[PDB]
Structure formats: structure tokens, C-alpha cells
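Labels below follow one simple rule: chain letters A, B, ... track the order of the sequence lines, proteins then strands, and each chain is numbered from 1. When reading the values below, keep in mind they use all heavy atoms of this one structure, side chains included, and skip hydrogens, waters and symmetry mates.
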Amino acid sequence: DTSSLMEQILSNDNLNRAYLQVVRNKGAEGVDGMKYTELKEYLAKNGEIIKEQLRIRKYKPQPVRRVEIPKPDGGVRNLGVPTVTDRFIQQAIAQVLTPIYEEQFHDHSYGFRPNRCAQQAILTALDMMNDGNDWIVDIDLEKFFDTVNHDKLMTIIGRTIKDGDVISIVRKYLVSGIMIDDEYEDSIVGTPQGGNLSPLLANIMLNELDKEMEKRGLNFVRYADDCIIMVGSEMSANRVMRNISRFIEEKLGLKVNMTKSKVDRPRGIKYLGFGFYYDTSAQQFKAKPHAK
Amino acid sequence: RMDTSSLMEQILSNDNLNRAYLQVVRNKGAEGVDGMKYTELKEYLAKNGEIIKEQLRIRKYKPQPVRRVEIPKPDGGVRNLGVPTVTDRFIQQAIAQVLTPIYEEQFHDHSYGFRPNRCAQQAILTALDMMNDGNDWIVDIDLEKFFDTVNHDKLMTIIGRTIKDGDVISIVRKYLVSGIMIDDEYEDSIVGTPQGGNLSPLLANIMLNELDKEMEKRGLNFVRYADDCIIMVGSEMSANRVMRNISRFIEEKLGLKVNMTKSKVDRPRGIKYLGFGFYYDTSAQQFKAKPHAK
Ligand SMILES: [K+]
Ligand SMILES: [K+]
């Protein structure tokens with residue numbers, strides 16, 4: 001029964017934990033200019049007003065603040081920073097939804113999940129490669145929150161979450177522009193900015209991909225919207241590339257960049273900041289940070 | 001549940017030995033001093049497996065010395081490995097398969113090295129949370145290499161508190177003398193199967209678990225990966241106190257060796273740990289980590 005989750009989200013126990021986490025996470029200000037050091041006093045004054053607005057679906061998230069971060073290669077990393085109030089509410093929601101979805105998620109999904117990290121994905125993939133599955137299908141997706149259809153995503157979420165008050169606020173956060181901090185691509189470890197709820201939502205939809213791959217008996221790892229599939233031959237890899245790309249676009253409504261997607265051997269793959277090499281003493285593929 | 005006074009027969013069971021064989025073949029690796037390739041182990045065991053089992057039962061099995069192997073590091077320089085023969089990797093794995101589940105239930109949640117489903121990045125994440133809670137004076141004790149310095153009697157005494165099977169104690173001690181060691185390629189940010197590590201890292205964790213318990217008793221915030229520990233403290237004064245107290249415990253109680261010149265108290269930006277450095281992200285107002293220059 002998921003029809004009455006809002007009061008769990010709004011319980012004093014859950015909100016106190018969310019507050020403490022958000023202040024621990026610090027982070028830049030959102031569009032309202034409020035610093036994380038101001039949240040305590042703000043909630044002392046306005047917390048009951050905010051809870052009331054959420055209960056009646058009259059709370060309006062602020063748009064995320066768009067920040068551009070220079071990349072080492074001359075590109076730009078885009079971040080969407082929620083206000084600290086919205087980080088708090090997002091964290092409160094995620095604390096309740098995370099345990100629900102942890103029961104559904106696949107063991108080879110590693111991104112933005114409790115006690116999981118990029119290095120675990122790498123080690124799982126290496127074990128598959130060293131078992132002979134060293135033709136890699138590297139499907140490149142356009143940014144999840146730039147391309148996902150909100151109606152499709154909310155429909156998937158609603159298969160589990162029956163509480164319409166929670167559905168309503170989650171949709172409003174999609175509209176506000178929440179997104180995935182991709183600094184892990186540069187081998188960075190640490191708290192993502194603006195990531196209390198968006199990565200979970202992406203994992204809910206991409207769990208459908210995990211289930212399709214599992215139905216096909218495929219060897220894969222996934223970290224948010226970045227998946228690699230380990231296959232035993234070039235011919236099979238090309239078939240997998242075609243079949244899974246079609247599934248992603250047709251069933252999930254996401255966009256595959258076919259130019260950036262490729263079939264290659266491990267030495268050609270860059271994944272989660274790592275490259276791969278064959279250790280000729282161990283007789284094993286291994287991984288290490290790729291040049292940036 | 002197994003009986004810790006009667007573990008040798010569990011180690012030597014068909015099921016355990018088949019699993020150990022499978023894992024050693026999956027791990028591949030270089031040959032030891034006998035020149036035996038991992039693909040030759042099965043035929044060797046078809047002929048000699050029952051002989052080896054019987055030798056182990058009477059404490060007459062003789063481990064071969066590890067082979068010293070020098071290989072390139074990806075970024076320059078050389079890494080030195082001590083490679084057991086594939087037979088010894090097999091027996092080591094068979095022992096470890098029985099000891100690991102016992103010790104996994106004793107170990108501390110902030111120990112991350114050479115343990116199932118754990119990795120260096122988890123240690124980094126835990127440390128970053130401690131740093132960002134204000135514990136940004138880092139006690140960085142540098143230990144000389146564990147297997148170059150550990151006192152065998154002290155180690156076997158600790159093991160024997162749990163493992164009451166004298167035949168297991170006997171073979172573990174012989175593997176110490178054979179030169180088993182810890183592949184340190186994680187220091188270069190490498191992820192993948194270590195060489196020569198089926199038993200040695202577990203033994204190091206058994207001893208260093210004594211340190212973890214002491215640090216936990218003292219309420220300290222730490223992470224540890226094999227013999228590489230950092231401790232996160234709230235002030236320089238407290239860090240100097242922790243440095244003094246914990247270094248003394250390591251040397252006096254565990255008999256390990258601190259390197260005076262390389263142990264220090266520093267802030268995160270001066271720490272290199274498991275291939276990572278630490279930095280202050282000005283936008284996030286937080287410490288984060290990324291691979292340090294190699
Ligand atoms: K990919
Ligand atoms: K250290």
C-alpha cells in the first residue's frame with residue numbers, strides 16, 4: 001500500500017533527518033539566494049506553512065538555478081541547483097521512496113544508490129570481460145532530464161506509488177528542472193549538487209531497461225543513464241546494440257545518440273572516468289582513471 | 001555453521017576445493033617458481049590432489065616460496081609482486097573461503113580493503129562525509145609494509161583466538177614464511193584482480209581489525225584499506241593526540257612499524273589515499289576527491 005506516503009514524508013522524524021542531511025551536503029544557493037546556513041531558521045518560521053502547502057498541492061518548487069562548470073577538455077558541465085528549501089523537500093521525498101525502490105532494483109545498477117559506487121560497476125564489468133565477454137556495447141543516451149517525457153515517467157512511477165499527493169509533488173520537481181550531476185564522468189567522488197531526487201527518478205525509469213536486459217540474459221552494468229553491455233562476439237554485440245537501442249527509444253521514449261554509441265573492445269571504452277587495459281602479467285583486463 | 005576447532009576438513013571438502021580451483025582459474029595470474037600455468041592446475045590436481053590433502057592433514061605440505069615478479073606500472077616505474085605457485089594460490093584460496101565468512105562477521109564497517117563487495121571508493125566516500133562534518137584534520141600514519149614487518153607469533157596468536165584448529169594454524173604460519181604479500185596497485189587507482197592475494201590480505205585484516213576495535217573504542221572517525229588508514233579529527237590539537245596514541249598502540253600492541261618521516265597530520269588537500277587526492281569544491285562548499293597526479 002503506497003496510497004498514504006505523504007505523511008511519512010512529512011513526519012518530524014523524516015524531516016529532521018532530511019534537514020540534517022541537506023545541511024551536511026551544503027552546496028551552492030538556488031535562485032532564491034538562500035544559503036544552507038539559513039535553512040534552520042527559515043524552517044522554524046515557515047516549516048508548518050510549507051507542510052500545509054504540500055498537503056494541499058499548493059507548494060510550488062522554484063526553478064533550478066542553471067550553473068555552467070568548465071570541463072578540462074574545453075566543454076561545459078551543466079548543473080541545476082535547487083533552492084535549499086527544495087533540496088530539503090527532495091531529500092525528504094527520496095528518504096521515503098528509496099527503500100521502496102531498492103527492493104525492485106537490479107544488482108548491476110550502481111548509480112546514486114545507497115552503499116554503491118562507480119568502482120563496483122567497474123569491477124563487475126571487468127569480471128564479465130575476463131570471462132570472455134570483451135565485446136562492449138556502449139550505448140550513449142542524450143541527457144535523461146533533457147529528453148524524458150514526464151507523462152511516461154510519472155506513469156511508470158505510478159505503477160508503484162499510488163499516493164496522488166506524492167505523484168503531484170514529484171511531477172512539479174520534474175518541471176522545476178532537477179537533473180543529474182555528471183561529475184562522476186571526471187572520476188570525482190563526493191556529494192552531487194542538486195541530486196537528492198533526480199537520480200532516483202532516472203533509476204525508476206531505467207530499471208525498465210535493466211529488466212529488459214535481464215529478460216534477454218545480457219551481462220551489463222549501469223550507473224544512472226550510462227550503461228555498458230559485455231558480449232562475447234562482434235556479431236552478437238551488433239545485434240545487442242540494435243535491439244537495446246530500439247527498446248530504449250521505443251519503449252522508454254529516450255534518445256540514443258547513434259553516432260556516440262559504439263561497439264568496441266575494452267581498450268576503447270571510457271566509463272565512469274575509467275579506461276581499461278590488459279594487464280599482461282595478470283592476464284586480466286583491469287581499469288584505471290583515463291586521461292582527462 | 002562450521003566448527004572452528006574442526007575446519008581443516010571443511011577446507012579440504014570437495015565442494016570447497018572445487019570452488020577454490022574455479023576461483024584460482026578465474027583469477028589467472030603469472031606463474032610461481034615452479035613455472036606452472038593456471039591451465040595446468042587441473043591435471044596436476046588429478047594426479048596430486050589426494051597427496052596434497054593428506055600432507056595438509058599431517059602438517060607435511062611444504063609451500064613453495066613466492067616468486068618475485070617485477071612488472072611495469074601503467075604511469076611509470078615498477079611494481080614488485082610476490083607470486084605464489086598456482087598450487088599454493090589454490091590452497092590459499094581454499095583456506096580463505098572458510099576463514100572469510102567467519103571474519104566478515106567480526107570486521108568493522110569502515111574497513112574496505114580486499115573484502116567482498118567493498119572497494120576503495122567506499123572508503124573515500126565515508127572519509128569525505130567525516131571531513132565535511134568538520135573533521136578535517138587528518139591523522140595519516142604510514143606503516144611499513146605489513147608482510148615485511150609483522151611478527152608471525154603475534155599474528156598467529158590473534159588468529160588463534162578464533163581459529164582453534166591447530167592444522168589450520170600450522171599451514172597459515174607456513175604461508176607467512178613463504179612470503180605472501182599484498183598487491184598495492186590500488187595505490188595507483190587500479191581496479192581489478194590482485195595477484196598473490198588469496199590469503200595475505202585477509203590475514204592483514206585479521207590483525208588490523210585489532211586496530212579498528214581500538215579506534216572504535218576511542219570513538220574515532222576512520223577508514224582503513226588493508227594497512228592504509230586515515231583518521232578524521234576536528235582540531236590540530238586532537239589530531240596530534242590521536243597520532244601519538246594510535247601510533248603507540250600500533251607499535252606496542254600490534255608490533256607493526258610506523259615510518260616516522262612519512263607519518264603526518266595534515267588537511268585533506270595534503271592527503272593521497274588509494275590513488276585519490278582531496279580538494280575543496282568552491283561551488284559546493286565541500287571536500288570532494290578525484291585521482292591524484294601519478
Ligand atoms: K554508455
Ligand atoms: K595512512
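- Judged by distance alone, the side chain of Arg87(A) and the main-chain N or O of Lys26(A) form a donor-acceptor pair under 3.5 Å.
- Taking the six-membered ring for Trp and the full ring otherwise, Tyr223(A) and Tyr271(A) have centroids separated by 6.0 Å or more.
- In this model, no donor atom of one side chain and acceptor atom of the other lie less than 3.5 Å apart for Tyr112(B) and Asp228(B).
- Judged purely by distance below 3.5 Å, without hydrogens or angles, the side chains of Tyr173(A) and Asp86(A) pair a donor atom with an acceptor atom.
- The line from SG of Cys227(A) to NE2 of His108(A) is 11.5 Å long, rounded to the nearest 0.5 Å.
- Ion pairing between a basic and an acidic side chain is recognised when a charged N comes within 4.0 Å of a carboxylate O; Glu104(B) and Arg115(B) show such pairing.
- Legend: salt bridge (charged side-chain N to carboxylate O under 4.0 Å, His left out) pairs involving residues 241-254 of chain A, not counting sequence neighbours: none detected.
- A salt bridge is absent between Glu187(B) and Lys272(B); no separation between the charged side-chain nitrogens and carboxylate oxygens falls under 4.0 Å.
- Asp281(B) and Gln285(B) are not linked by any side-chain donor-acceptor pair at a separation below 3.5 angstrom, with hydrogens and angles left out of the test.
- Side-chain polar atoms of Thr83(A) and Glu29(A) form no donor-acceptor pair below 3.5 angstrom.
- Shown here is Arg269(B), whose CZ atom has no more than 12 heavy atoms of other residues, nucleotides or ligands within 6.0 Å.
- More than 12 heavy atoms of other shown residues, nucleotides or ligands fall within 6.0 angstrom of atom CG in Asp146(A).
- Residues satisfying the salt bridge (charged side-chain N to carboxylate O under 4.0 Å, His left out) criterion with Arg239(A), sequence neighbours excluded, are absent altogether.
- Salt bridge annotation for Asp225(A)-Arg222(A): absent, with no cationic side-chain nitrogen under 4.0 angstrom from a carboxylate oxygen.
- By the salt bridge (charged side-chain N to carboxylate O under 4.0 Å, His left out) test, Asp140(A) pairs with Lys260(A), sequence neighbours left out.
- In this structure, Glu208(A) pairs ionically with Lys211(A), as a charged nitrogen and a carboxylate oxygen lie closer than 4.0 Å.
- The existence of a salt bridge linking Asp73(A) and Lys71(A) is excluded, since no basic side-chain nitrogen approaches an acidic carboxylate oxygen closer than 4.0 Å.
- Annotation: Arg19(B), atom CZ; neighbour count of heavy atoms from other residues, nucleotides and ligands within 6.0 Å does not exceed 12.
- For the pair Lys286(A) and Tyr278(A), the cation does not sit on the ring face, since its NZ or CZ is not both under 6.0 Å from the ring centre and inside 45° of the axis.
- Using a 4.0 Å cut-off between charged side-chain N and carboxylate O, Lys290(B) and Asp186(A) make no salt bridge.
- In this model, a donor atom of one side chain and an acceptor atom of the other lie less than 3.5 Å apart for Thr160(A) and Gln104(A).
- Taking the charged nitrogens against the carboxylate oxygens, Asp136(B) and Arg267(B) do have a contact shorter than 4.0 Å, which makes a salt bridge.
- Within the 6.0 Å centre-distance limit, the rings of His106(A) and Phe220(A) are counted as a close aromatic pair.
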